[PDB]
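Accompanying notes for the structure given below.
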There are 2 protein chains.
Amino acid sequence: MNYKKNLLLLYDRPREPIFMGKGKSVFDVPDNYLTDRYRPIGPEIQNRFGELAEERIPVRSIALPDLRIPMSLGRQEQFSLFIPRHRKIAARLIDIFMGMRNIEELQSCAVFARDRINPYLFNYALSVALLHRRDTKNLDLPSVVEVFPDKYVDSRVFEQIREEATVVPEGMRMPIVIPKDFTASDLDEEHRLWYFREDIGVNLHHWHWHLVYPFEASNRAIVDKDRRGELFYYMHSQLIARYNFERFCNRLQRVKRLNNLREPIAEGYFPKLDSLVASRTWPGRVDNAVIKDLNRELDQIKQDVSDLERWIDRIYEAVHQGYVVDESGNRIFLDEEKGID
Amino acid sequence: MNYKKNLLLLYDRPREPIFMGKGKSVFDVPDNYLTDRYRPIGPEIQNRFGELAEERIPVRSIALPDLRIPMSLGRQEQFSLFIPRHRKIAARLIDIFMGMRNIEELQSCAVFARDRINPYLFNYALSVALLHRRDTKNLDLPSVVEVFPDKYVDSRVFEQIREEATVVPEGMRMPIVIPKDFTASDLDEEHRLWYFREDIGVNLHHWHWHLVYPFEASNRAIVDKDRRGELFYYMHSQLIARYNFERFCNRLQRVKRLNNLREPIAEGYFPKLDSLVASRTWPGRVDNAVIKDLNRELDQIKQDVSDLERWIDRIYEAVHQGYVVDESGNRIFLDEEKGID
Ligand SMILES: [Cu+2]
């Protein structure tokens with residue numbers, strides 16, 4: 001039905017309010033669906049952006065589960081699935097979208113939530129829901145490059161794209177060249193591997209792999225895929241095999257592992273990305289930075305380097321021992337078949 | 001006369017005693033010319049080596065100044081012109097050879113001294129005397145590679161040359177290949193410049209340049225060659241220009257200067273040379289070695305790093321000021337003409 005195609009419009013222009021009209025359509029949102037900022041002038045808006053629209057999508061006003069947790073993350077904040085706290089927020093939102101029985105209520109829940117929660121988070125939570133509901137199958141999700149170009153492109157282009165789009169009429173617009181080999185000069189031998197590290201393609205593959213094989217949510221909510229452990233081993237293992245190949249093609253040696261976490265990290269990296277959602281840039285790492293104990297009260301991270309070292313020491317022990325121990329105290333054997341997994 | 005050609009025989013086999021016979025000749029040395037080790041069995045020797053020679057060169061017994069200072073340096077010790085003490089020893093010996101009126105007494109002094117003083121030192125002292133004594137002009141001094149191959153060749157070959165020369169008859173002897181690119185592997189990017197750093201040619205040029213333009217000997221005219229200061233600047237300046245060129249041809253950046261002496265030296269170098277005169281090998285320098293205050297009582301070196309730093313600070317000051325100050329206290333101006341010199 002249409003509903004499937006109407007959800008895809010949510011991916012359009014993530015930071016433009018949902019009432020501004022996406023593609024050749026526009027949403028006819030209730031006033032209790034308007035944000036607190038814009039609700040007090042709702043009448044002036046629905047009318048103002050009604051123009052230029054072929055279709056008008058109605059949206060029924062429903063109950064809507066509590067969106068406190070989803071909304072806890074700031075709108076101008078970054079979103080990562082590695083941070084403990086974000087995991088709990090996303091997994092909760094995924095749970096809401098996943099828990100809407102009908103494809104019509106999913107559209108209603110989405111339309112409301114969209115302008116209240118972090119765009120990056122919304123995109124993830126929706127992507128995961130759509131991909132793993134039964135009614136929304138075979139649905140072609142727009143490339144995350146197209147919805148979030150800031151994670152894939154030198155920040156320099158953005159003010160050129162703004163200039164070009166404002167000054168020059170459509171049809172006469174020149175294609176914007178995206179800078180390559182732009183993060184470091186030839187003094188850094190690492191700069192040679194730009195075509196791999198910074199390639200759009202491989203970064204998309206990595207992002208998507210983690211979409212379809214998450215490590216947290218609910219085992220029935222898509223965590224427990226056959227041999228996902230072995231997959232995690234192999235896929236990442238092939239990344240380095242391919243990387244090491246490309247290294248040899250640029251007169252470099254094989255990548256040296258992170259022997260130990262106390263010694264400095266020789267290779268710094270300034271990525272040159274600017275998050276338009278956070279309105280800030282990603283920080284760089286300097287040469288010879290040292291790993292430091294984390295105390296990020298907000299993010300819910302209280303971890304010492306020694307904690308990491310302790311985990312490693314134990315994992316090594318298990319691997320040599322040949323077995324692990326479950327919470328219960330029983331032993332599980334790292335056999336030829338399932339060991340790696 | 002013959003005398004000129006007879007001195008060249010001293011350069012032959014530097015560590016073989018002078019009574020063993022050089023080329024197609026042999027020396028008829030007095031018994032008071034024999035060393036303390038060999039004098040007590042002089043009769044057995046002069047006879048044992050005398051034959052199979054077309055010539056026997058007589059040598060008249062002369063007075064001979066005290067050779068204490070020349071003999072102060074051990075026979076199995078290394079010799080460098082940079083070490084303060086060696087400078088005083090060599091300059092004194094040079095003075096003796098230089099001070100022998102006749103080309104016959106030079107031959108007599110030499111023949112005596114040769115087996116009592118350090119071979120490396122002898123070679124230098126003689127080389128300098130011949131080139132600047134007035135009788136021995138326009139001469140052909142043998143290449144120092146041929147007399148001291150240990151300073152120009154991987155030590156590995158020496159036991160092959162000994163094997164080949166003992167086992168195989170003359171005429172059937174295979175040429176010994178000299179290893180190239182042998183001091184470091186491809187993990188060290190510096191190894192690429194072997195063909196320049198370790199080339200026989202350029203090392204000979206450097207050695208010889210310092211022969212004809214010494215910086216301190218005795219008698220100022222020998223040091224005082226036209227614009228030798230500017231020469232010292234330019235010649236060495238061209239070495240680095242050429243080096244920096246060769247760097248660019250091996251995918252390397254321009255050579256980084258020694259900014260400051262307290263910071264570690266990143267690039268180590270093990271030269272793989274074995275001094276047959278010292279019977280030891282040259283020490284290597286490890287990666288990230290640090291310069292340290294010297295206290296070499298024997299060599300007469302008592303220098304702190306800060307001394308070096310102080311000299312540099314003062315030289316910079318003079319250069320910026322635009323003038324220097326002589327011992328007397330007067331000022332000399334670094335003009336366009338003689339400034340560099
Ligand atoms: Cu020099």
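Each chain in the structure tokens gets a letter, A, B, ..., in the order shown, and its residues are numbered from 1; ligands are numbered from 1 in order too.
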Can you tell me, as a compact mmCIF listing (two decimals) with C-alpha atoms, in the first residue's frame, what residues are no more than 7 Å from segment 290-293 of chain A when counting only C-alpha atoms, ignoring any on the same chain fewer than 5 positions away?
# COMPACT_ATOMS: atom_id res chain seq x y z
CA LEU A 261 47.18 0.19 25.95
CA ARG A 262 49.62 2.12 28.16
CA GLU A 263 52.07 2.88 25.33
CA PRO A 264 51.23 6.00 23.19
CA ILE A 265 49.32 5.78 19.89
CA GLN A 303 35.62 2.42 33.01
CA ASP A 304 39.32 2.15 33.88
CA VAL A 305 41.99 0.97 31.44
Give the residue list for ligand 1 at 8 Å, counting only C-alpha atoms and all ligand atoms, as a list in words, sorted by chain and then by residue number.
residues 206, 207, 209, 210, 232 and 236 of chain B
Closest atom pairs, chain A residues within 12 Å of chain B, only C-alpha atoms, as CSV:
residue,atom,partner,partner_atom,distance
A:185,CA,B:253,CA,11.6
A:186,CA,B:253,CA,8.6
A:187,CA,B:253,CA,7.3
A:188,CA,B:253,CA,10.5
A:189,CA,B:252,CA,9.9
A:250,CA,B:251,CA,10.9
A:251,CA,B:251,CA,9.6
A:252,CA,B:187,CA,8.9
A:253,CA,B:187,CA,7.5
A:254,CA,B:187,CA,10.5
If you count only C-alpha atoms, which residues fall within 12 Å of residue 132 of chain A, apart from same-chain ones fewer than 3 positions away, as a PyMOL selection string?
chain A and resi 94-95+97-99+125-129+135-139+211-214+220-223
DSSP helix (DSSP H, G or I) residues within segment 104-266 of chain A, listed as number ranges by chain
A: 104-113, 119-131, 144-147, 149-151, 155-167, 189-197, 200-212, 219-221, 228-248
So which residues of segment 7-179 of chain A fall under strand (DSSP E or B) by DSSP, listed as a list in words?
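Secondary structure check on segment 7-179 of chain A, strand (DSSP E or B): residues 27, 28, 57 and 58 of chain A.
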Okay, now the selection with C-alpha atoms, as a PDB file, in the first residue's frame?
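Result went into out09.pdb, see below:
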ATOM      1  CA  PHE A  27       1.847  15.557   6.174  1.00  0.00           C
ATOM      2  CA  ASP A  28      -1.406  16.859   7.702  1.00  0.00           C
ATOM      3  CA  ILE A  57      -0.997  12.522   3.864  1.00  0.00           C
ATOM      4  CA  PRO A  58      -3.500  12.356   6.786  1.00  0.00           C
TER       5      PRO A  58
END
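When only C-alpha atoms are used to measure the gap to residue 133 of chain A, the shortest distance among A:314, A:101, A:257, A:92 belongs to A:101.
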Atom pair atom CA of residue 277 of chain B + atom CA of residue 76 of chain B, distance 5.5 Å
If you take only C-alpha atoms and a cut-off of 8 Å, which residues of segment 246-298 of chain A touch segment 150-156 of chain A, and what are their nearest atom pairs and distances in Å to one decimal, in chain and number order, as a Markdown table?
| residue | atom | partner | partner_atom | distance |
| --- | --- | --- | --- | --- |
| A:272 | CA | A:154 | CA | 5.7 |
| A:273 | CA | A:155 | CA | 5.3 |
| A:274 | CA | A:155 | CA | 5.2 |
| A:275 | CA | A:150 | CA | 5.5 |
| A:276 | CA | A:150 | CA | 6.5 |
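Our summary of the geometry notes that atom CA of residue 172 of chain B is positioned 29.7 Å from atom CA of residue 198 of chain B.
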